[PDB]
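Here the structure is laid out as structure tokens; the discussion comes afterwards.
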Amino acid sequence: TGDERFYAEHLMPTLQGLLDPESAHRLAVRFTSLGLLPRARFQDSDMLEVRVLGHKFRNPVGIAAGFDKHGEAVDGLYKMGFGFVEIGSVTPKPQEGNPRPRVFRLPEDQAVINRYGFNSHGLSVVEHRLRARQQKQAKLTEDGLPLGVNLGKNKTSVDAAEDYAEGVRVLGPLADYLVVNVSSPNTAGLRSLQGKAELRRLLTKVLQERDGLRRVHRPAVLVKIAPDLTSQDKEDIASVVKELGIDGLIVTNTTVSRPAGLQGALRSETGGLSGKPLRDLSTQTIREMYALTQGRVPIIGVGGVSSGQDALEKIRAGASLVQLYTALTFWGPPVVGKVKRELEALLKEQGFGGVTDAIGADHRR
Ligand SMILES: Cc1cc2nc3c(=O)[nH]c(=O)nc-3n(C[C@H](O)[C@H](O)[C@H](O)COP(=O)(O)O)c2cc1C
Ligand SMILES: O=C1N=C(Nc2ccccc2C(=O)O)[SH]=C1Cc1cccc2ccccc12
Ligand SMILES: O=C(O)c1cc(=O)[nH]c(=O)[nH]1
């Protein structure tokens, strides 16, 4: 198709030449919130449908947290072709996040490093924003386009579980699924909430708040993990997830590692790395988690997805759904239809009736 080619080779390099990464993002969000796109040529086939988390997903490719941090562009993003949308991370109180610059292109690596630090309009602003389209969203969800909301904690917060509980109370009622994000590389001690005893205390509490909501307003709760966990960390997470009945896992966040081979000038910037260099690392974490959970805990695979093959590798490794974020910054919106079209072809090629059949297929070889 001519869009994929026009954006990849002309529009995108020209936007990159003109704007810094954060400016580029601010604008993409604005353009997307307003409707300014084509609307995806691509009609979703029934092959691409998945039932998971107590919902239907028209297609398994979503937009990952971080792009629409404050719930400003949700509708524009469904229009862009994504089959689900996740917003956030959202913190209880507004906060500016880290000082600029805080995001960086590694174009030689097809990667991004960012250290935003949970810049957020805060719960209550985001709450009103979602309330304003609540019903539009109830019909979207009924149609197979669900909404997830990803929760973070304030920098100066003295009680991390309490931040998350507040989150659950305020935005849980407006979400199909909530994410407890304990894997940001950009908030002091946040990733240590991933340790057992701390993870169990926090999630017990989150799940309690969640169960306290009214049934129609009661979201699934997932936990988003780093790709940088030790074997122990992973065993422990798996365990706690089974012990508490956590609804799913998102795998993975960005990596604080710096794989050998990175060429980008800015490769030594502090921050989490996303995009291609993260891909196989995150696919392997999906693999280890699926196995440790016996395939009974849905996983949203995320990290370096940019093609149907990328996606399908994550699905075969155990992901029920996948998300991308960095690919959109290199290739623009056509990447979304590109991934779907290829995923569909690949599924036919390997004799899968649909996505559901491919989920975990590698573990059954
Ligand atoms: C600029 C930027 C901001 C991000 N912000 C968030 C965030 O607030 N919360 C979160 O859970 N993940 C965040 N992520 C991580 C993405 O959700 C995703 O896990 C990661 O980038 C891997 O996917 P990708 O390689 O498709 O970008 C962010 C990523 C980038 C690149
Ligand atoms: O999602 C996008 N992100 C872009 N840049 C970024 C966003 C977040 C972090 C880093 C960047 C970056 O460019 O480094 S550019 C873009 C999407 C896009 C590009 C070109 C035209 C568009 C028109 C409408 C919506 C998105 C568009
Ligand atoms: O806000 C950020 O800096 C951020 C959060 C997160 O979860 N992941 C990430 O890569 N950056």
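So the authors' numbering is basically just the index in the sequence shown, starting at one, shifted up by 31. Quick reminder that beta carbons are idealized off the backbone N, C-alpha and C, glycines included.
Residue i versus residue j - alpha carbon distance
i: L280; j: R318; result: 12 Å
i: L46; j: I277; result: 41 Å
i: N145; j: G302; result: 5 Å
i: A163; j: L171; result: 14 Å
i: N150; j: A71; result: 30 Å
i: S299; j: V333; result: 23 Å
i: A342; j: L238; result: 30 Å
i: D242; j: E344; result: 34 Å
i: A196; j: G93; result: 25 Å
i: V134; j: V143; result: 7 Å
i: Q340; j: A350; result: 13 Å
i: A251; j: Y208; result: 4 Å
i: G385; j: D77; result: 8 Å
i: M320; j: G335; result: 18 Å
i: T314; j: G112; result: 23 Å
i: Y356; j: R310; result: 12 Å
i: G391; j: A95; result: 21 Å
i: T122; j: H159; result: 15 Å
i: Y109; j: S64; result: 11 Å
i: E127; j: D393; result: 43 Å
i: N284; j: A257; result: 5 Å
i: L58; j: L359; result: 13 Å
i: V271; j: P329; result: 15 Å
i: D388; j: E274; result: 27 Å
Beta-carbon gap between residue i and residue j smaller than 8 Å
i: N212; j: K167; result: no
i: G66; j: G114; result: no
i: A269; j: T324; result: yes
i: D267; j: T286; result: no
i: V210; j: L253; result: yes
i: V282; j: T235; result: no
i: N217; j: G306; result: no
i: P365; j: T32; result: yes
i: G175; j: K87; result: yes
i: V157; j: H101; result: yes
i: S337; j: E373; result: no
i: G203; j: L244; result: yes
i: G368; j: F73; result: yes
i: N181; j: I118; result: yes
i: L205; j: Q141; result: no
i: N90; j: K371; result: yes
i: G363; j: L137; result: no
i: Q225; j: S214; result: yes
i: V105; j: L352; result: no
i: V201; j: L230; result: no
Residue i, buried or exposed, once every other Cβ within 10 Å from all chains shown has been counted against 16
i: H152; result: buried
i: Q263; result: exposed
i: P308; result: buried
i: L49; result: exposed
i: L79; result: buried
i: residue 28; result: In the structure as shown, the chain starts at 32 and stops at 396, and residue 28 therefore has no counterpart that could be examined.
i: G220; result: exposed
i: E375; result: buried
i: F98; result: buried
i: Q381; result: exposed
i: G85; result: exposed
i: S223; result: exposed
i: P177; result: buried
Alpha helix (DSSP H) segment containing residue i, residue limits
i: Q263; result: 262-275
i: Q168; result: 165-173
i: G48; result: 43-49
i: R200; result: 191-202
i: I144; result: That residue, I144, is in no alpha helix (DSSP H); its beta strand (DSSP E) goes 142-145.
i: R82; result: Here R82 belongs to no alpha helix (DSSP H); instead the beta strand (DSSP E) covers 81-83.
i: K371; result: 365-380
i: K227; result: 227-242
i: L182; result: No alpha helix (DSSP H) contains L182, which is instead part of the beta strand (DSSP E) from 178-182.
i: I346; result: 339-348
i: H56; result: 52-65
Endpoints, the beta strand (DSSP E) within which residue i is located
i: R136; result: 134-137
i: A251; result: 251-256
i: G279; result: 279-282
i: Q354; result: 352-355
i: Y208; result: 208-212
i: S76; result: From DSSP, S76 is part of no beta strand (DSSP E); its letter is neither H nor E.
i: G220; result: Unbroken run through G220: none, as it is neither H nor E.
i: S155; result: It is not in any beta strand (DSSP E) - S155 instead sits in the alpha helix (DSSP H) that spans 154-162.
i: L323; result: No beta strand (DSSP E) holds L323; the alpha helix (DSSP H) holding it covers 310-323.
i: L304; result: 303-306
Residue i CB to nearest heavy atom of ligand 4 below 7 Å
i: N212; result: This structure simply doesn't include ligand 4; it includes ligand 1, ligand 2 and ligand 3 instead.
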